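# Structural overview for review
Each chain, written out:
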Amino acid sequence: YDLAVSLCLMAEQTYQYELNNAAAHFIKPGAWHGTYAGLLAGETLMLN
Amino acid sequence: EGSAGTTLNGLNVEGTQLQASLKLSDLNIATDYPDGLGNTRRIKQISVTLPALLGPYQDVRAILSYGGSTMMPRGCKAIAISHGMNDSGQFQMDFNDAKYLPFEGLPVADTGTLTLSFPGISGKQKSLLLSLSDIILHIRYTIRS
Amino acid sequence: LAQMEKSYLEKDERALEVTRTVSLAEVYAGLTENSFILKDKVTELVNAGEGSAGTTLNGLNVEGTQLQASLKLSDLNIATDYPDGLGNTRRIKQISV
Amino acid sequence: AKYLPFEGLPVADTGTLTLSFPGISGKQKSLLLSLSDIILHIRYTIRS
């Protein structure tokens, strides 16, 4: 989960550099709900 | 020892490194066209032409550097001029590259400092600097709406 | 694999690709120890297929029927051709003759 | 995709670069006699 959210942040930084807009925040904070042991994190990241 | 012109728009000799500066905001690039065609006018790619009399199988040593505060993803900050004739640093420079080209995405109307530094002004590149006609850049930029 | 891939993507930068054309006759003339003229040493060693040229690691030698010309890469001062503020991993990309 | 020859060699190493001509007295005798000089196109890459 740490590695894939780092890759998604890499892609978000790439999109914000390509389209000249620093406010395009597409990866929502969260998606690792520890009380359900972080399930569906890949579903939320695929959605983003 | 000396320099040339004002700061940010002229030459300077620093030790054994002749460097030529340029302020990109003073070139009026974004107003070369009407503004009805897009405001995101970013630099695509820059190559340097130095039409001097190079020696036989003789190299040029020069770095087209950038001074400023933009993002500029990685080592795309500067190129090294070795061919001297309409070249970037890249062997077989290829547009539509998967990686980022150097100087890509720089805002063409920014207040940056574009510095071309020659290592070894008094060394083996003394006659080459003496035989220099003028400095010519191929700044290619992209307007997008 | 994803750890190593993410580290590669985070630590990969573009380049600084420098072509350096080196004429061996210049190095053989500015050898400062048993320096010589290449065009005369080649015909000397061809018409007399026994001798060598200059010191070891920086000169010619005839070995049987194989004329070989040596060169020590440390003696060419390639890494100090530029300031060291632009990177230390200065590795050879490609060589052609 | 494959590695080019002489790729990744440290440009400041204490190596020995040898250019060997087979057949100095054979058919490559006149070619060695007609040699002007030896010139290498060493292309190297600086990386931070």
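One can find the structure itself at the top, above this paragraph.
Residues numbered from 1 in each chain as written, not as in the entry; some residues may be left out. Chains lettered and ligands numbered in written order. Part of a larger assembly, values for the part shown. Heavy atoms only, no water.

## Focus: the interface of chain D and chain C
Note: interface size is frequently given as the accessible area lost on complex formation between the parts. Facing the 39 residues of chain D at the interface are 48 residues of chain C. When the two sides are added together, the surface that chain D and chain C hide from each other amounts to roughly 4,600 Å², 60% of it contributed by carbon and sulfur. A per-residue breakdown of the area chain D buries against chain C is headed by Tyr44, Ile46 and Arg47 of chain D, which together make up 18% of the total. Taken together, the links from chain D to chain C amount to one salt bridge. Between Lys93 of chain C and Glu7 of chain D there is a salt bridge; the shortest N-O distance is 3.8 Å. For the pair chain D and chain C, the number of links is 24 residue pairs in polar contact. Elements supplying a minimum of two residues to the side of chain D that touches chain C: strand 1 (9-10), strand 2 (19-22), helix 1 (29-33) and strand 3 (39-47) of chain D. The element best represented in the side of chain D that touches chain C is strand 3 of chain D, accounting for nine residues. Here the side of chain D that touches chain C is built from residues that sort into 21 nonpolar, 12 polar and six charged. For strand 4 (residues 89-96) of chain C and strand 1 of chain D, the ladder comprises two bridges, and the chain directions are antiparallel. Bridging across to strand 1 of chain D, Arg91 of chain C finds its partner in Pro10 of chain D. (Contact = heavy atoms within 4.5 Å. Buried area = accessible area lost by both parts, 1.4 Å probe. Salt bridge = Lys/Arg side-chain N within 4 Å of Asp/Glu carboxyl O. Polar contact = N/O pair within 3.5 Å; in protein donor to acceptor, adjacent residues only side chain to side chain. Helix = DSSP H or I, 4+ residues; strand = E, 2+ residues; numbered from the N terminus. Nonpolar A, V, L, I, M, F, W, Y, C, P; charged D, E, K, R; others polar. Pairing = 2+ DSSP bridges.)

## What to know about the pattern of salt bridges
All told, the structure shown has 10 salt bridges over all chains when counted by the stated rule. Across the salt bridge formed by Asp97 of chain B and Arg14 of chain C, the nearest N and O atoms sit 2.6 Å from each other. You can see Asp97 of chain B sitting in the loop between strand 6 (85-87) and strand 7 (106-107) and its partner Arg14 of chain C sitting in the loop between helix 1 (2-11) and strand 1 (17-23), one on each of two chains. For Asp97 of chain B, a relative accessible area of 29% translates into the label partly exposed. Residue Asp84 of chain C pairs with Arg90 of chain C through a salt bridge whose shortest N-O separation is 3.4 Å. Its relative accessible area of 51% is what places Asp84 of chain C among the exposed residues. In this structure, a network of salt bridges that share partners links the residues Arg61 of chain B together with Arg20 and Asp81 of chain C. (Buried < 20%, exposed > 50% of the residue type's maximum accessible area, 1.4 Å probe, protein only.)

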